[PDB]
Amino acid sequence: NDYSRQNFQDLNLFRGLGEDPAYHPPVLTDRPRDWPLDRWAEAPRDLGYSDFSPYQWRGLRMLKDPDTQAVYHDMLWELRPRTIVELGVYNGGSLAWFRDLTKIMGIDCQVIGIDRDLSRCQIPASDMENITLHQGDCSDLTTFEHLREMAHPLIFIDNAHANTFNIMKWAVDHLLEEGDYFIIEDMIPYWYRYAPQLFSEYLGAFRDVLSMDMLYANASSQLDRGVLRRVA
């Protein structure tokens, strides 16, 4: 009766993330890594490992999949952002990804990660140039009052999905200049499904300051109808 010798963690803590912030390359269970060429037709055509979140960057985990990466690439090339703000850092993968990418395009960009819990961050202390971390909860806006003068243009991204609309109002009133993005990843389609009448009303409240950018907005399952930018 192994269960009574056992206490059980709560598995909800792994929703959208997984058991480990550390990256580990996948592993073939039911087949050799080296399939021989005489039997090439008989090889299995499926992936061989879980496609839940297999993506990485320089040995850090990456929760933004390749289609998303192509959109952010295009968006960086066009906008040439002076600042990027990730909300929800997790393991640090996409922070390093944004900083490395702006560096290669020759863009002088400051990458800023905010989070509840930076203990999960996996970025070498040496590989941290042009990056700044901030512990703080989205749930209360002082996390954003406290930080200051960011250069523009500016991309603000919500991967945390918490207090999102109050943060969006904070951003329009106190941060975003014309042409700056505010991107809500993953979540906007679910909120519409679960709460159509409230979701539409909330989005609509921003009818005069934010518009959805139809050039990037339909270009990845993750950014799906979530890519917004400042007007007026």
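When you see a residue number, it is the position in the sequence shown, counting from 1.
> Which is higher on mean Cα B factor in this entry, 133-141 or 110-118?
Taking the mean C-alpha B-factor of 110-118 and of 133-141, the larger value falls to 133-141.
> In the PDB record, does 50-58 or 24-32 carry the higher mean Cα temperature factor?
The stretch with the larger mean CA B-factor is 24-32.
> Which one, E78, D100, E86, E149, has the peak C-alpha temperature factor per the PDB entry?
Of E78, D100, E86, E149, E149 has the highest C-alpha B-factor.
> Among the candidates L198, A205, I184, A70, give the one with the maximum CA B-factor reported in the record.
Reading the PDB entry, the winner on C-alpha B-factor is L198.
> Test of reading the entry: by CA B factor among the chain's modelled residues, which third contains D65?
Its C-alpha B-factor, which the entry lists for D65, ranks in the middle third among residues of this chain.
> Rank-wise, by C-alpha B-factor, drop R225 into the lowest, middle or highest third of its chain.
Answer is lowest: the recorded C-alpha B-factor places it there.
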